[PDB]
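Notes to accompany the following structure.
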Amino acid sequence: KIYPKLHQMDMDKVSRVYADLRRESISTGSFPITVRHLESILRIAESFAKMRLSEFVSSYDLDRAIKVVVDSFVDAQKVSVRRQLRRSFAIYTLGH
Amino acid sequence: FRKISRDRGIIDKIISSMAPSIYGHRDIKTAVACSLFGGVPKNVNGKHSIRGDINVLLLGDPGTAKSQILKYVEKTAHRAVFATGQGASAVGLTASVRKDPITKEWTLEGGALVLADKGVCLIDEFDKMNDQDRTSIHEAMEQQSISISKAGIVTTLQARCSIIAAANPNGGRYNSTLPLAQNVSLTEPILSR
Amino acid sequence: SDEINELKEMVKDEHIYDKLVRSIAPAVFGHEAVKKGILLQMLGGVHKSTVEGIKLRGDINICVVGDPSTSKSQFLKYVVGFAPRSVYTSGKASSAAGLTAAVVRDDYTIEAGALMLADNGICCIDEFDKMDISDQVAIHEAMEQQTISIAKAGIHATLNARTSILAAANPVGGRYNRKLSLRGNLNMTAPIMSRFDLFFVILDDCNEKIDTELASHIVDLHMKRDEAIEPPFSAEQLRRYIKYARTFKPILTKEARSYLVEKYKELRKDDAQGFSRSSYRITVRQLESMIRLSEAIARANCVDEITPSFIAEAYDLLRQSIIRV
Amino acid sequence: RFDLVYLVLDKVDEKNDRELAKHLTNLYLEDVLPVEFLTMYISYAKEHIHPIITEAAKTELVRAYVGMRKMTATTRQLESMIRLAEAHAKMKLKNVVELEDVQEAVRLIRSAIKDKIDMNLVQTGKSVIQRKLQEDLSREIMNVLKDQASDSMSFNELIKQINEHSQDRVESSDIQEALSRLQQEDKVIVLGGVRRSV
DNA sequence: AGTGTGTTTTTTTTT
DNA sequence: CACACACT
Ligand SMILES: Nc1ncnc2c1ncn2[C@@H]1O[C@H](COP(=O)(O)OP(=O)(O)O)[C@@H](O)[C@H]1O
Ligand SMILES: [Mg+2]
């Protein structure tokens, strides 16, 4: 019965997210970031909203989805760059 | 469910809810639970489509309950399947055709990924199993459907299944200083998808 | 009645442990550590069903890795020719039919598996370095969570894999390589040994001293004499108190619980040169190993509760399976 | 675990070549030992005789086994000693294992041994070189780490350095197996390709 | 005497 | 289609 919908969304938040995603794959400990990764983030937002059980996606639940995906990405990195990347994404992490 | 939904902190309780018998692993619990919930399927212009299922890639040290995590996952999402990984192959999991001597023609054999379709897909021992089979799985998952044209059978089967791969790090221990791709004995494209 | 009296006298006696060990097997190998491992695997542990879906295996996963020349081969022959419904695998050849899961047409059938013939009996396989990985994977899933199934087409019946397991592997070159240690002397993979709780290690040496006593022992053990009999317990009686030991199973007490958790911490210290004092070799799988080992210790006593003595003895078994490098 | 290993070598001396070739000539030209009686005789010897070991022959077995441990020795070789002694007791239908039975068992086995014992390619002298091989590989690893940055580096270059100075031309499969073995003890970490240090 | 009923290994193809 | 059997 539950089918949350992205009726409201944060376009530019995701935009800056994918921007930061860029110029990081240059790191030897960093795997490439592609469009399907962004679609992955979107579907993670959908999964979170379904988990919230509301028929409408919540912006902040989507924010937690962003947080989870970016944290997974950071964990995927080499620990040397991982600290620099976590500081860089800290501007995103606090919003969760 | 509605009453708990309006209750706040439900998300954290669900995170604690998934595989309670595995102490810790808060992020892992979050990931597997949200995979169980799964994304919303999206389709564009009828033909263009976006999967509503989540492919979880897991790297785990040996003895880290990965198989048991999968076992808790199943029986919770109703429709479920288990992929031994090494046991299945390209033909066995995705789509299989069986020659049927009793009927005297080639017949479809149940692809375990077709069994995965409509439900959650468990995947285990995948980092150790066959690479050509891995490419077959890539192909099948890319379209959320398996297309097979052999032995006179040109059928194509929808494969809507949230999959969760289980993997062991190179030597069983991930090195954080080591790049993930070097910590991974598998292909780059699979981690991308 | 005489059976009950034999049970009473043997449970009441002090050295109930290692008395059966001398009774068990030809005991031609004087170490007797392999034989007490055989004893514990006889007693093993009952499968555990948690409140969640994670039903914990009760059968301890043991290796008795040793040389084919050494007495382990004869010990396995003793076990298969004696222990009820036990499966013998030579090791040099592996046929999927003999393994746990196999496919036989006509309608459709399933070939008899080792564990079905085992009937919770130990996997008495030998030379695990010599069984093929294609046949090893049959037991990988089988010894994981006691689950036999086939990913291929067919009925793929869920054969009940609740069984004790004994690799009894023989390392590269047959003989032990002190350089290669307990781990890595062999093809058998890390995940499958990760399931394997304890190994009791392998040691092979010229052993000039043993050439005096145990070299003399072999002839008397095997020859016109062949009369070195050491059965402190009869075979029939042996099965009888095996049954009686299986009747009652110890459970951890609160003092025993604290004692065992502290002793697991000591194990963790013992696993130094790693993070967290890593469980690693003695993993959570091996935490289950200690629990079932404490159950099996004085299982012949049929004590209904686990005692710290059992935990300490299991710790000793761990150590004898650890320090060797 | 053979009872009595023999060695057949086609290394013939010039005079021995002359003698064997003359034996052939005799064979060529035609182109007391009953021979046939041996088959029925041995069948009846099997049906009649059941060899029994004597305590004196038992002690013969004792000190033969302990010496063969000293001069290492196999339990299967001991059971072979028993079989050879019983077979000698079978010869001449003496029905009883004798001391000289065990002594000829020993002499035949040792004569095969000289070809210490080197059974199953096991010599007490220079028994194992795996210590030196592992230490050489590890020393080459430290040399590479000093020469090349990072603990992990490509396997092809490792194959390059190992051959030039550290050791002879050897495949990297052995090094990878050794690294996996060390990882199984977690004293080192294994990769795959590349060799990372702990 | 009714009336019924029966006879013409190989070789690719997977994999 | 049409000819040897087994009773019809
Ligand atoms: N955090 C945890 N809490 C409880 N059990 C755990 C935890 N981590 C690992 N385990 C145990 O580890 C065991 C091994 O799980 P499995 O997935 O089969 O291991 P492997 O890592 O070899 O694939 C399971 O029986 C599970 O209960
Ligand atoms: Mg697992």
Problem set entry | segment C:185-231 versus segment A:1-63: alpha-carbon centroid distance in Å | 61 Å
Exercise. How large is Rg over Rh for chain C, taking Rg from the Cα atoms and Rh as the Kirkwood inverse mean of 1/r across Cα pairs?
Worked result: 0.96
Problem set entry | Value of relative contact order over chain B, rounded to a whole percent, pairs C-alpha under 8 Å and six or more apart | 22 percent
Seminar exercise, completed: PRE zone check, label point 7 Å out along Cα-to-Cβ of residue C:19, amide N under 14 Å, scope segment C:32-58, hits none
Exercise. Can you give the net charge of the other residues whose Cβ lies under 14 Å from the Cβ of residue C:65, counting K and R as +1 and D and E as -1?
Worked result: 0
Problem set entry | Distance from segment B:14-80 to segment C:103-154 (C-alpha centre basis), Å | 29 Å
Seminar exercise, completed: The size of the Cβ-based charge dipole (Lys, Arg +1; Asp, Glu -1) of the protein assembly as shown about the Cα centre, to the nearest 20 debye, is 3340 debye
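I'd like the mean, over residues of B:160-172, of how many other protein chain beta carbons sit within 10 Å of each residue's own Cβ.
Per-residue shielding by partner chains comes out at 3.
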For this session: Please list the non-local residues whose amide H lies under 5 Å from the amide H of residue C:123, H modeled 1.01 Å from N, same-chain partners needing a gap of 5 or more.
Result: C:164, C:165, C:166
Exercise. On a 0 to 90 degree scale, rounded to 10, what angle separates helix A:59-76 from the longest Cα axis of chain A?
Worked result: 30 degrees
Exercise. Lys/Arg Cβ at +1, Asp/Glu Cβ at -1, dipole of segment B:1-107 taken about the Cα centre: which of B:69, B:83, B:36 is farthest positive-ward?
Worked result: B:36
Problem set entry | Candidate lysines for bridging to residue B:104, where Cα separation is under 30 Å - those fewer than 8 sequence places away on the same chain excluded | B:150, C:152
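Taking the Cα centre as origin and putting +1 on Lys and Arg beta-carbons and -1 on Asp and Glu beta-carbons, what dipole magnitude results for chain D, to the nearest 20 debye?
700 debye
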For this session: Please list the non-local residues whose amide H lies under 5 Å from the amide H of residue B:109, H modeled 1.01 Å from N, same-chain partners needing a gap of 5 or more.
Result: B:96, B:97, B:98
For this session: Could you let me know the centre-to-centre spacing of segment B:96-139 and segment D:70-137, using Cα atoms, in angstrom?
Result: 55 Å
For this session: Set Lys and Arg Cβ to +1 and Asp and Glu Cβ to -1, take the dipole of chain A about its Cα centre, and tell me which of A:94, A:49, A:25 lies farthest positive.
Result: A:25
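Among D:18-31, D:168-181, D:138-151, B:52-65, what's the highest-first ranking by average C-beta atoms within 10 angstrom per residue?
Final packing ranking: B:52-65, D:168-181, D:138-151, D:18-31.
Which of the peptides C:269-279, C:313-323, C:248-258 is most tightly packed, and how do the rest follow, judged by the mean count of other Cβ atoms within 10 Å per residue? Mind dumping the intermediate values first?
Values: C:269-279: 13.0, C:313-323: 18.7, C:248-258: 15.5.
Order by mean packing, descending: C:313-323, C:248-258, C:269-279.
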Seminar exercise, completed: Bridge orientation stat for chain C from DSSP, antiparallel percent rounded to 5, came to 40 percent
Seminar exercise, completed: For the table A:50/C:55; B:66/B:128; B:29/C:55; B:99/C:92, the rows whose alpha-carbon distance is greater than 25 Å are A:50/C:55; B:99/C:92
Exercise. Which order do peptides D:182-192, B:183-193, A:83-93, D:38-48 fall in by mean Cβ count within 10 Å, highest first?
Worked result: D:182-192, B:183-193, A:83-93, D:38-48
Problem set entry | Length-normalised contact order for chain A - Cα pairs under 8 Å, 6+ apart - percent | 33 percent
For this session: Enumerate the calculated ³J(HN,Hα) couplings along segment C:36-50 in order (Karplus 6.51 cos²θ - 1.76 cosθ + 1.60, θ = phi - 60°), each rounded to whole Hz, writing x wherever the residue is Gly or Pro.
Result: 6, x, 4, 4, 4, 5, 3, 6, x, x, 7, 4, 10, 10, 7
For this session: Please give the average number of partner chain Cβ atoms lying within 10 Å of the Cβ of each residue in D:64-70, rounded to a whole number.
Result: 4
Exercise. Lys/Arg Cβ at +1, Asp/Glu Cβ at -1, dipole of the protein assembly as shown taken about the Cα centre: which of B:192, C:219, C:128 is farthest positive-ward?
Worked result: B:192
Problem set entry | Kirkwood hydrodynamic radius of segment B:4-82, from inverse mean 1/r over distinct Cα pairs, in Å | 14.2 Å
Exercise. Based on the alpha-carbon gyration tensor of the protein assembly as shown and its eigenvalue square roots a ≥ b ≥ c, which shape applies: rounded if a/c is under 1.5, prolate if not and a/b is larger than b/c, or oblate?
Worked result: prolate
For this session: Past 21 Å, Cα to Cα, is the threshold; run A:78/C:269; C:35/C:72; C:77/D:90; B:71/C:48; C:36/C:130; B:42/B:118 against it and keep the listed order.
Result: A:78/C:269; C:77/D:90; C:36/C:130
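May I ask for the net charge around residue B:164, where only other residues with Cβ less than 11 Å from the Cβ of residue B:164 are counted and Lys, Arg are +1 while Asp, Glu are -1?
Result for the local shell: -2.
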For this session: For segment B:55-101, run through the trypsin sites (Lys or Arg not before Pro) and keep only the ones in DSSP coil with at most 16 other Cβ atoms within 10 Å of their Cβ.
Result: B:75, B:79
Problem set entry | Net charge dipole size for chain A [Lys, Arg +1 and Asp, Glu -1 on Cβ; Debye, nearest 20] | 240 debye
Problem set entry | More than 22 angstrom apart: percent of Cα pairs within chain B | 53 percent
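In this analysis, Cβ positions are derived from the backbone assuming ideal geometry, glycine residues included, and neighbour counts consider all displayed protein chains. Laboratory data are not the source of any read-out in this text; all were calculated from the coordinates shown.
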